[PDB]
């Protein structure tokens, strides 16, 4: 397996967007991270299709979180970018072949499917129990409390952006 490369970018974007008190265009996000604007926009559009961000149209426009960081799980972002399917999907192979279990006798899920299900559930539990807000709190703890507000200022800056 390989999680989509976009997951890492999308997570970083959600975290910095928490410090932005105005909409932030894609180009500004891309410049912070020194990455292709068109690359980063595709990831932001994934977040937007999943309802986690929205593109403010018109003047002073750009991306905003559509709900508070504390209501955005890592699982939300991963599914938005990498896709909602579980890693393992049972195609009922016990029903194919010359010893096939009749579908009438397959009321319960295959024990193999259930065991893979249990593992998926552990993955989802760990991602669901952590939010953008928790990542922000770890950053404040490790980088200090001025780090993310400083990034946020840089992201929302107007004309001063061109005089560093």
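Positions refer to the first chain, counted from 1.
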- [ ] Would you determine, from the values in the PDB entry, which of 150-158 and 137-145 has the greater average C-alpha temperature factor?
- [x] 137-145
- [ ] Name the higher of the two by mean Cα B-factor in the PDB entry, 112-120 versus 97-105.
- [x] 97-105
Open item on the list: How does the C-alpha B factor of residue 35 compare with the rest of the chain: lowest, middle or highest third?
Closed with: highest
Open item on the list: Could you place residue 1 in the lowest, middle or highest third of its chain by Cα temperature factor, using the values in the record?
Closed with: highest
- [ ] Report the third (lowest, middle or highest) to which the CA temperature factor of residue 56 belongs, ranking only the modelled residues of the same chain.
- [x] highest
